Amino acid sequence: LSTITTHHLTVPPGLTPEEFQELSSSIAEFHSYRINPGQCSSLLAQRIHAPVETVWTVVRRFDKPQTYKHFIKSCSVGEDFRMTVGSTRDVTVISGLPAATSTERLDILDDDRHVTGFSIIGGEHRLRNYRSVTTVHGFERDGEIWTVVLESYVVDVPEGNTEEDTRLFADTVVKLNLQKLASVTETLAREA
């Protein structure tokens, strides 16, 4: 039967024990899921040497995910789009397979606590019933500032796949996109 994810109870890759103990409550609040057989979940972490609000300005741009994500041919949200929960975007993915769209819905948007998340509601790709949450957190040590971005997901393991198959693929993509987020926002910071 069901199980609760345990991401809030171990140190995620890319994060220090010190940082974890500061975020353990945010991980349990926003990066916990109830998974069933046939699903897999993961938590990824990325340090960014940039202020929180700098990183969040990119993370929250639901209509321009290609700003920090790879493998996006285009993204459309149609006229009269507003940055509200329930809005959707059509993401055309670069996959070496025929041109297919991923319809995605904005699930969360908290400008004060820096939390967002989305769901893949349609699309013929390898991430069926995908749902993820991203949170942005600030850190300080002797007047030095940095940010930690946490991103988790739950997703179906396709029939004929191992959980390790799907998890390793999803982790790689998320991890790669967080490195681009780091570069983009650190450049934005070092340029003012």
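Numbering starts at 1 and runs along the sequence shown. Under this definition, the rigid core comprises the largest set of C-alpha atoms superposing within 1.5 Å between the forms.
Once the rigid core is used to overlay the structures in 4 other deposited structures of this protein, the stretch among 36 to 44 and 121 to 129 whose CA atoms lie farther from this form is 121 to 129.
Per-stretch averaging of Cα B factors for 101 to 109 and 76 to 84 places 76 to 84 on top. Across the two stretches, 11 to 19 and 174 to 182, the PDB entry reports the greater mean Cα temperature factor for 11 to 19. Ranking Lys69, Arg34, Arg61, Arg47 by the C-alpha B-factor listed in the PDB entry places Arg34 at the top. Based on the entry's C-alpha B-factors, the most elevated value among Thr147, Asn161, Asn129, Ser152 belongs to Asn161. The PDB entry assigns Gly143 a C-alpha temperature factor belonging to the highest third of its chain's modelled residues. Compared with the other modelled residues of the chain, the Cα B-factor recorded for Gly122 ranks in the middle third.
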